[PDB]
Each structure stands twice: as C-alpha cells, then as structure tokens.
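A quick write-up on the structure given underneath.
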Amino acid sequence: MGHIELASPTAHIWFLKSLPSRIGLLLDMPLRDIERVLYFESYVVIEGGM
Amino acid sequence: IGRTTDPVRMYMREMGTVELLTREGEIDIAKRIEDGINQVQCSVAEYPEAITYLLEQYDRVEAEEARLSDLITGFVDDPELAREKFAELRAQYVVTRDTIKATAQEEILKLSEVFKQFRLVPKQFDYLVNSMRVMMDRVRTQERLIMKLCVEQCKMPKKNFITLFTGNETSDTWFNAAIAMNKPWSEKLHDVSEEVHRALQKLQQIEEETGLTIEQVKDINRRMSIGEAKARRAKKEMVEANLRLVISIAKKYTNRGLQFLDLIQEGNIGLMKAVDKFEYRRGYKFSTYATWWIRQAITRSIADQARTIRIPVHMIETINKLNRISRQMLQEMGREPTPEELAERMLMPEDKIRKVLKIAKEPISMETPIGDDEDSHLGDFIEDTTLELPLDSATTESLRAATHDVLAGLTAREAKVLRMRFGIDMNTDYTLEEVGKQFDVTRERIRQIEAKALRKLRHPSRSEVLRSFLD
Amino acid sequence: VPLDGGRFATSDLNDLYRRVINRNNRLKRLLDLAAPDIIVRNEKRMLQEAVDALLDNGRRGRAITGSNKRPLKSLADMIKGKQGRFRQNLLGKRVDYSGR
Amino acid sequence: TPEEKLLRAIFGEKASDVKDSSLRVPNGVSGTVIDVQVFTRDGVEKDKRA
C-alpha cells in the first residue's frame, strides 16, 4: 500500500454523515453547524480564554 | 444561505460579494503596487552588505564564470557602465567604512543614491530578502527570550527594558546596570550572562560586517514589511475584482475532462501570475493582458492533468491540428479524410499520422455495463494472463524429479560439476573459472569434464527419461 | 489492463485518486504562493469534496466520471451492496470441476 | 529455468522465437468451410490467397 500526505486535515465522511453523526454527538453539537463549519460558512470559538 | 452544499454555489456567492471596481480604481491600485515596491526598493537600498554580494557576483560575472543577465535585465536611466558604477561602489563603500567615525551617514546616503539606478533580477531580491529576514528571525528570538527572562519571572515593566537594552544594543553597561538595580532576577542573570553577552557579540559582528547598528535595522526591515504587506493587500483587492473575468473565460472549456472548478482554480492562478507581472505604463485595460494568461493556464492544465495516460503538450497540439484538418476535409470532400489524404494536407509522412491516431484513445472504465444487462460489467470478463497453467507446474515438478535421478546417475564429482556449472538446486551458476576455484584447479580441463559428462548423457537408455520431456 | 486492440481498461479508483492528488498538489502550490483567502478556501473545499467522493461517492453532488454519464464506483460501493462484495465474492464464489 | 538450460545444452534444441495463435475450430463442432473472406489494410501486401 501507499499513502498521500494531505496539506489540509480532512474529515472522514463516514464518521460525519452516518445517520447518527458520531463527530456530531461526540462534540454534542448538531450536524447543521458542523456542516456549516466544514464548508467555511461560519467560525467556531475554540477556547476563547477569559 | 439555504445550506446549499454545492461548492459551486458558495464559491459563486463569495465571489459575488466583491463589487466591480471602476476604470480609475484599477489605475489607483496599480499605483498602490508601484508605491509599495518603491518603498521596499528604497529600504533595500538603505541596507548595507547587500551591495557586497552585488559587487561580488557582478565581479564573478566579469570573470565570465556566470551570465551578465543573471543580475539585471536592462537598466533604466551596457556591461561597461555597470562595471564602472560597481567600481565606484566599492570605492565609496570602503571609504565610508573608514570614515564611519556623522559624515559616514551622508556617504552611505550618496552610495544609496548612486546605486538607485540599478535593478536586480528577482532571484537576488529573494536571496537578500531572505538573508535579512533570517537575521531578523535570529534577532527576534534572542530579544524575545531576554524579554521573557525579565517579565515571566520578575513582572518587569517595559520602558526600563527599552532604555537599558534599546538605544545602545552594543555596550554591556545595561546588563550590569540591571543587576545594580538590586533586582533578584538580575542577580541570577549571571547564570546565563555568558550566553546573553555572546549573542550580543554576534549581534555586533553582524553589525560591523553590515556596518550599522540594530534599532535602525529593525526600523528599516519593519518598513519593508509594511510596504510589502501594503502592496500585497492591493494585489489581493485586484485579483478579487477580476475573478469575474476568470469565470467568464473559464465557462468556455466545459466538460472536456476537467471539473469546472479545477478550471476556475487554474484560471485564478493564471490571473495571479498576470497581476504580479502586469505593467500599466501602456494604458490599455488590464483585462486584455490577463486573458492572454488565463487562457494560457487553462489550456496548459487541460494539456497535462486531463488525460489518464498523460501526453506531452506538443502531441496534444498535433492532435488538435489533426482534428481541425479533418473537420475541414470532411466539409469540403463530403465523405471523410483517409490518412493518405491527411498526409497530403499535412506534412507528416503518414506513419506519424497513424501513430497519433492510435495514441489518443482514453482508457475505458471496467465498470461500463455490458449490453442489455445491468448485473454483468466489463471487469467480470478480463482474465489474468500471467498466471502459469497448472499443467506446466506438474511438468516442471516431473522434470525436476527426472533431472535429479539422472544427476544421481552420474559420478559424484561429475555431478557436482554439472550442478554448479548450472543452477540445479543452487543460486547463480558458476562459470568454469569459479567452479575451478571451488575445486581450486582452474583451466579448460573442466570444460572437458562438462562436455564429457554431456557426452555420457547422449548414451541411450539413460537420457530417455529426459528425451520424453521434449515436444 | 491493456485490452486487445490498443485500448486500456481502468477502475474508477484510478480517476478518483488522480483527482485527489491533483487538487492536493494545487493546494500545495497555492499555499506556497500565499494566494488570497478566497482561493485557498475554495481549494480546501474542493479537496474535501474529492476525498469524500473517494471514500463514499453519492452523499454529495455525485461526482460522475469522464464522458460516461454513470456515477463512478467508490470503495464503499465496492464493499457494500449485493453486486459488490461479501454477498457476491465471499459467499457466492464460482467453483472449478463443475458442469451444467 | 536452469534444468531446461541443461536439457538444451545436451540436446541442442533451438528455441523457436514464435508463439502459436492459429484460429482452430471450437471444440466439438464439425462442419464444412463454405466461405472465406480476407480483409487487408491499405498499404499491406495482399497475400496470394487474397
């Protein structure tokens, strides 16, 4: 087998779009928002300090 | 936004937001680019030791170990004139280094103004900018770690750091004056006094070889960053304005083996190239210049990354000429053009005509459904030709057995000779000389023994078992 | 495989891998050029599209193949489904020494 | 393979540079050849039978 080095970390469709979206509920965030983020529609505040 | 997942639609919206800049706005932004590049040009002239490498590699070019066009591509208001200007440059620089101890500031300014006339091929711009950037990186890491040493442990205010370190950046007075302030971290600084001061010495060594100080190096390089970033922002605005042109040209080359967006992306890259290389001094609309790149880029990308089995670009041009000629011959002749008729109309000898005709075929997908049957594809038919047939394996085994028995039929040393001369039950077969080495007697007698053994295999009733394997 | 008659036959995975590699290399070049944000964002979206088409093609705009109008088969398609695998080739083989 | 090498050494069997491909009759079908047609590309030398 070979491999390809991706420049931008990419999401695994199976773990996102599978009817129960396991990334979604693992982060307890609805799917609509995650889709909104991956497609560059909105930001998300990761640890916005004080 | 209706959650439209289609990436085409969201790219189109983002593009749609940036409004179209008018006719004069274009000239404005081009002036922005010239002004930024001019600012950075003055700044680079204002830095030293750059002329050192200029003079050095121009001299290299005079000795003829390089090319005259690797530094300049024509000046603005002949090698001889450059040679004399570089001579006066060496003279002015060395004399200003002598007179460094006030007047040298004016002498460096005169050096800069006499150098102003020269331009410099991009590659050297890259070399100089990277040298000064890496010097800034190094200075910044040292300064930041010192400032860390102060604030993270002592909660040290900052005006004091500035005055103590900044202003001189050369004498050791501030280091020990900090310790005179009786602060405890300043007393601990003796632990790394060696490293801090040795890095200060390196700073002085870079300064002297450059022949300046630091605070003004910081000032000049930060102005260079300001100018370059300003110019880049202007270029960003320009390209965002002309994305529409990119799409307009892109819509032409539709499904020709490249996803629409791949086309528009290649067009965006071409537009970047055009913008960065455009000269407004003509007067004519940028769009005219940018097109001549956008079409170029799209065509190049289709040429290279379209086909599965890639074909050189000149071959693609040949095939396109082929298609064109064919079209015309079909409409004139009515029927169709035969390869002979093409060899008439085109100058190739018709051998390359049939070569080009064979080359063009794209591979067919193995999943294509076979006729009137949606449960049997093509992949289910192509067979594996490499696989050896079991019959042949049984034959090879039987032959191995027979040759083993017939070798056992021979004498010991003859059998070893015959086994080693060939590869039976061993790796690579040794030549007569190496088998002789194995026997340590190396000469022709051994070829006599091999041939004698073979002759003994001629004898009937012993070789019949091996005669059988012939067919 | 080279079909008898100078033509070649290829699985669609060759196409999908090629597309992914193309968009990846183009993103590398664009990053090295420091292009405006809009363009890198578009490229990142495209790479997302390509990868997710590779893994399971059909949960998006269904990237169809070159000049054939049929949607090309991704890995998930190879495993899942009747015609594909477990059912077809791992419980439904085709024995030798057999007649009809 | 080695062993075939040895056999050729002994018997001197000049290896034929040509594989067989002839179109033989399918298995278990037997009849009379009623007609034959020959199509040569333009350029190639028509054979006597052509």
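Residues in the structure tokens are numbered from 1 in each chain, the chains being A, B, ... in the order shown, and ligands are numbered from 1 in the order shown.
Proximity to residue 30 (chain C) at 12 Å, evaluated using only C-alpha atoms and with sequence-adjacent residues fewer than 4 positions away removed, yields residues 7 of chain A; 265, 266, 268, 269, 270, 272 and 273 of chain B; 23, 24, 25, 26, 34, 35, 36, 37, 38, 39, 40, 41, 42, 43 and 44 of chain C.
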Selected residues, N, CA, C and O atoms, written as a PDB file, in the first residue's frame, please.
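Resulting contents of again14.pdb:
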ATOM      1  N   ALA A   7      -2.406  18.259   2.614  1.00  0.00           N
ATOM      2  CA  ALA A   7      -1.952  19.533   3.150  1.00  0.00           C
ATOM      3  C   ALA A   7      -2.910  20.045   4.214  1.00  0.00           C
ATOM      4  O   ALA A   7      -2.477  20.529   5.264  1.00  0.00           O
TER       5      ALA A   7
ATOM      6  N   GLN B 265      -9.957  27.301 -10.858  1.00  0.00           N
ATOM      7  CA  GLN B 265      -8.796  27.434  -9.984  1.00  0.00           C
ATOM      8  C   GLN B 265      -7.532  27.700 -10.788  1.00  0.00           C
ATOM      9  O   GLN B 265      -6.728  28.576 -10.441  1.00  0.00           O
ATOM     10  N   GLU B 266      -7.330  26.939 -11.862  1.00  0.00           N
ATOM     11  CA  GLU B 266      -6.183  27.200 -12.721  1.00  0.00           C
ATOM     12  C   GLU B 266      -6.244  28.616 -13.269  1.00  0.00           C
ATOM     13  O   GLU B 266      -5.219  29.302 -13.370  1.00  0.00           O
ATOM     14  N   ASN B 268      -7.588  31.145 -11.759  1.00  0.00           N
ATOM     15  CA  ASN B 268      -7.211  32.033 -10.670  1.00  0.00           C
ATOM     16  C   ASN B 268      -5.700  32.123 -10.549  1.00  0.00           C
ATOM     17  O   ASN B 268      -5.149  33.214 -10.370  1.00  0.00           O
ATOM     18  N   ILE B 269      -5.009  30.993 -10.697  1.00  0.00           N
ATOM     19  CA  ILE B 269      -3.549  31.011 -10.611  1.00  0.00           C
ATOM     20  C   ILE B 269      -2.965  31.833 -11.753  1.00  0.00           C
ATOM     21  O   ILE B 269      -2.032  32.630 -11.562  1.00  0.00           O
ATOM     22  N   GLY B 270      -3.508  31.662 -12.954  1.00  0.00           N
ATOM     23  CA  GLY B 270      -3.027  32.452 -14.071  1.00  0.00           C
ATOM     24  C   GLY B 270      -3.250  33.934 -13.849  1.00  0.00           C
ATOM     25  O   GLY B 270      -2.403  34.760 -14.192  1.00  0.00           O
ATOM     26  N   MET B 272      -3.376  35.479 -10.950  1.00  0.00           N
ATOM     27  CA  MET B 272      -2.340  35.919 -10.018  1.00  0.00           C
ATOM     28  C   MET B 272      -1.041  36.203 -10.757  1.00  0.00           C
ATOM     29  O   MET B 272      -0.389  37.235 -10.539  1.00  0.00           O
ATOM     30  N   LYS B 273      -0.634  35.281 -11.625  1.00  0.00           N
ATOM     31  CA  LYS B 273       0.601  35.496 -12.368  1.00  0.00           C
ATOM     32  C   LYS B 273       0.524  36.795 -13.163  1.00  0.00           C
ATOM     33  O   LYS B 273       1.433  37.637 -13.111  1.00  0.00           O
TER      34      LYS B 273
ATOM     35  N   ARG C  23      -5.778  17.975  -6.898  1.00  0.00           N
ATOM     36  CA  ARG C  23      -6.218  19.076  -6.052  1.00  0.00           C
ATOM     37  C   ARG C  23      -5.270  19.282  -4.881  1.00  0.00           C
ATOM     38  O   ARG C  23      -5.024  20.422  -4.475  1.00  0.00           O
ATOM     39  N   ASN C  24      -4.690  18.203  -4.360  1.00  0.00           N
ATOM     40  CA  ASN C  24      -3.727  18.335  -3.275  1.00  0.00           C
ATOM     41  C   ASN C  24      -2.494  19.106  -3.723  1.00  0.00           C
ATOM     42  O   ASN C  24      -2.038  20.032  -3.039  1.00  0.00           O
ATOM     43  N   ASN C  25      -1.926  18.730  -4.868  1.00  0.00           N
ATOM     44  CA  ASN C  25      -0.737  19.421  -5.348  1.00  0.00           C
ATOM     45  C   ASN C  25      -1.041  20.879  -5.644  1.00  0.00           C
ATOM     46  O   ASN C  25      -0.226  21.767  -5.358  1.00  0.00           O
ATOM     47  N   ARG C  26      -2.203  21.150  -6.235  1.00  0.00           N
ATOM     48  CA  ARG C  26      -2.560  22.535  -6.499  1.00  0.00           C
ATOM     49  C   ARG C  26      -2.692  23.323  -5.206  1.00  0.00           C
ATOM     50  O   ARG C  26      -2.306  24.494  -5.146  1.00  0.00           O
ATOM     51  N   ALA C  34       0.963  32.034  -1.392  1.00  0.00           N
ATOM     52  CA  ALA C  34       0.273  32.941  -0.476  1.00  0.00           C
ATOM     53  C   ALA C  34      -0.885  33.655  -1.173  1.00  0.00           C
ATOM     54  O   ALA C  34      -1.020  34.878  -1.113  1.00  0.00           O
ATOM     55  N   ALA C  35      -1.733  32.874  -1.834  1.00  0.00           N
ATOM     56  CA  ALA C  35      -2.871  33.431  -2.539  1.00  0.00           C
ATOM     57  C   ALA C  35      -3.895  33.993  -1.555  1.00  0.00           C
ATOM     58  O   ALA C  35      -3.897  33.638  -0.376  1.00  0.00           O
ATOM     59  N   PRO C  36      -4.774  34.881  -2.020  1.00  0.00           N
ATOM     60  CA  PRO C  36      -5.821  35.415  -1.144  1.00  0.00           C
ATOM     61  C   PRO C  36      -6.678  34.316  -0.538  1.00  0.00           C
ATOM     62  O   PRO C  36      -6.753  33.194  -1.041  1.00  0.00           O
ATOM     63  N   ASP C  37      -7.335  34.660   0.570  1.00  0.00           N
ATOM     64  CA  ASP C  37      -8.062  33.658   1.338  1.00  0.00           C
ATOM     65  C   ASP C  37      -9.142  32.983   0.506  1.00  0.00           C
ATOM     66  O   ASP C  37      -9.378  31.780   0.646  1.00  0.00           O
ATOM     67  N   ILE C  38      -9.833  33.743  -0.342  1.00  0.00           N
ATOM     68  CA  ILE C  38     -10.957  33.173  -1.076  1.00  0.00           C
ATOM     69  C   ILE C  38     -10.509  31.947  -1.857  1.00  0.00           C
ATOM     70  O   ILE C  38     -11.186  30.909  -1.870  1.00  0.00           O
ATOM     71  N   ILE C  39      -9.340  32.033  -2.486  1.00  0.00           N
ATOM     72  CA  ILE C  39      -8.911  30.968  -3.380  1.00  0.00           C
ATOM     73  C   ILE C  39      -8.512  29.729  -2.586  1.00  0.00           C
ATOM     74  O   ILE C  39      -8.876  28.602  -2.943  1.00  0.00           O
ATOM     75  N   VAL C  40      -7.769  29.911  -1.492  1.00  0.00           N
ATOM     76  CA  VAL C  40      -7.380  28.760  -0.684  1.00  0.00           C
ATOM     77  C   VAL C  40      -8.605  28.115  -0.058  1.00  0.00           C
ATOM     78  O   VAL C  40      -8.671  26.891   0.086  1.00  0.00           O
ATOM     79  N   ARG C  41      -9.596  28.918   0.321  1.00  0.00           N
ATOM     80  CA  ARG C  41     -10.814  28.348   0.878  1.00  0.00           C
ATOM     81  C   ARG C  41     -11.530  27.500  -0.161  1.00  0.00           C
ATOM     82  O   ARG C  41     -11.974  26.381   0.131  1.00  0.00           O
ATOM     83  N   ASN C  42     -11.640  28.011  -1.388  1.00  0.00           N
ATOM     84  CA  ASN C  42     -12.239  27.214  -2.450  1.00  0.00           C
ATOM     85  C   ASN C  42     -11.474  25.915  -2.657  1.00  0.00           C
ATOM     86  O   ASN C  42     -12.076  24.845  -2.809  1.00  0.00           O
ATOM     87  N   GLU C  43     -10.145  25.984  -2.645  1.00  0.00           N
ATOM     88  CA  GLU C  43      -9.353  24.787  -2.901  1.00  0.00           C
ATOM     89  C   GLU C  43      -9.542  23.767  -1.788  1.00  0.00           C
ATOM     90  O   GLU C  43      -9.605  22.559  -2.043  1.00  0.00           O
ATOM     91  N   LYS C  44      -9.622  24.240  -0.547  1.00  0.00           N
ATOM     92  CA  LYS C  44      -9.817  23.344   0.585  1.00  0.00           C
ATOM     93  C   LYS C  44     -11.174  22.666   0.500  1.00  0.00           C
ATOM     94  O   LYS C  44     -11.299  21.463   0.769  1.00  0.00           O
TER      95      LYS C  44
END
Contacts of residue 41 (chain D) at 12 Å (only C-alpha atoms; same-chain gap of 4+ positions) as number ranges by chain: B: 339; D: 45-47, 50
Picked from region 18-90 of chain C by DSSP as alpha helix (DSSP H), as a PyMOL selection string: chain C and resi 18-33+37-55+75-79
8 Å contacts from chain C to chain A using only C-alpha atoms, as a PyMOL selection string: chain C and resi 21+24+27-28+41+44-45+47-48+51-52+55-56
Put those residues in a file: N, CA and C atoms, as a compact mmCIF listing (two decimals), in the first residue's frame.
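After the write, result-v5.txt holds the following:
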# COMPACT_ATOMS: atom_id res chain seq x y z
N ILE C 21 -5.10 13.72 -5.92
CA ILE C 21 -3.70 14.13 -5.99
C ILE C 21 -3.57 15.47 -6.70
N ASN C 24 -4.69 18.20 -4.36
CA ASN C 24 -3.73 18.33 -3.27
C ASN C 24 -2.49 19.11 -3.72
N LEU C 27 -3.23 22.70 -4.15
CA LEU C 27 -3.31 23.42 -2.88
C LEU C 27 -1.92 23.70 -2.33
N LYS C 28 -1.01 22.74 -2.45
CA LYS C 28 0.37 22.99 -2.03
C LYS C 28 0.92 24.22 -2.75
N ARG C 41 -9.60 28.92 0.32
CA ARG C 41 -10.81 28.35 0.88
C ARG C 41 -11.53 27.50 -0.16
N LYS C 44 -9.62 24.24 -0.55
CA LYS C 44 -9.82 23.34 0.58
C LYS C 44 -11.17 22.67 0.50
N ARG C 45 -12.20 23.42 0.10
CA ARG C 45 -13.50 22.80 -0.13
C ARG C 45 -13.40 21.73 -1.20
N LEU C 47 -10.87 19.93 -2.10
CA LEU C 47 -10.18 18.75 -1.60
C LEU C 47 -11.09 17.94 -0.70
N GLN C 48 -11.86 18.61 0.15
CA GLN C 48 -12.89 17.91 0.91
C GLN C 48 -13.79 17.11 -0.02
N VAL C 51 -11.99 13.99 -1.53
CA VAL C 51 -11.76 12.90 -0.59
C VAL C 51 -13.08 12.20 -0.27
N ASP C 52 -14.12 12.97 0.03
CA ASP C 52 -15.36 12.33 0.44
C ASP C 52 -16.02 11.60 -0.73
N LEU C 55 -14.04 8.18 -0.65
CA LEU C 55 -14.43 7.23 0.37
C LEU C 55 -15.81 6.65 0.07
N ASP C 56 -16.83 7.50 0.00
CA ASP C 56 -18.18 7.05 -0.38
C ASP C 56 -18.79 8.09 -1.31
Which residues of chain B sit at most 6 Å from chain C, using only C-alpha atoms? Give each one's shortest atom pair and distance in Å (one decimal place), in chain and ascending residue order, as a Markdown table.
| residue | atom | partner | partner_atom | distance |
| --- | --- | --- | --- | --- |
| B:236 | CA | C:36 | CA | 5.9 |
| B:257 | CA | C:66 | CA | 5.9 |
| B:363 | CA | C:8 | CA | 4.4 |
| B:364 | CA | C:9 | CA | 4.8 |
| B:365 | CA | C:10 | CA | 5.2 |
| B:366 | CA | C:9 | CA | 5.4 |
